[PDB]
């Protein structure tokens, strides 16, 4: 007497209890939980491609790479469907902390092009420490590719993913600054 199965479109955003659909931009290892309904009562989730993504027995998802992928939800009464996770423009990835000089190096020339970037990730996914991969962290301050202007003063600005906190004119050689890349 079971019902059609189906993975709810809107997704749950672990990072900020804000229900909606997957964002165009991604915070690597970000996390959203999927919802199933009808058929059996149990539900089993699995992901087409593991690199790009993953999910635990509950729907909590962790994006671990850039690209597209599909999640298969199978109900205990052999009823299975897929939810497609389509690639983003860019997906922020956090490498090791280091002076802007090498930040720009680490992240092979790919550093956030402007503050108007990470801000979005935050506005969207929220505080990085909300997610599993982070959480055990209270600080993440990012490099933002210095503009010739602030280039001359030998500095650049930052953004703290876990806290926003924009800081202008920073020593392009201060310790405690993560080298966030942009894929």
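Numbering follows the first chain given and starts at 1.
Just going by the entry, 23 to 31 versus 150 to 158 on mean CA temperature factor gives the higher value to 150 to 158. Of the two segments examined, 63 to 71 and 134 to 142, it is 134 to 142 that shows the higher average Cα temperature factor in the deposited entry. Each of 52, 57, 118, 127 has a CA temperature factor in the record; the biggest one is found at 57.
Annotation for residue 11: C-alpha temperature factor in the lowest third relative to the rest of the modelled chain, per the entry. Sort the chain's modelled residues by C-alpha temperature factor and residue 173 lands in the lowest third, per the entry.
Annotation for residue 114: CA B-factor lies in the lowest third of the chain's modelled residues. Ranked by Cα temperature factor within the chain, residue 93 sits in the lowest third according to the deposited record.
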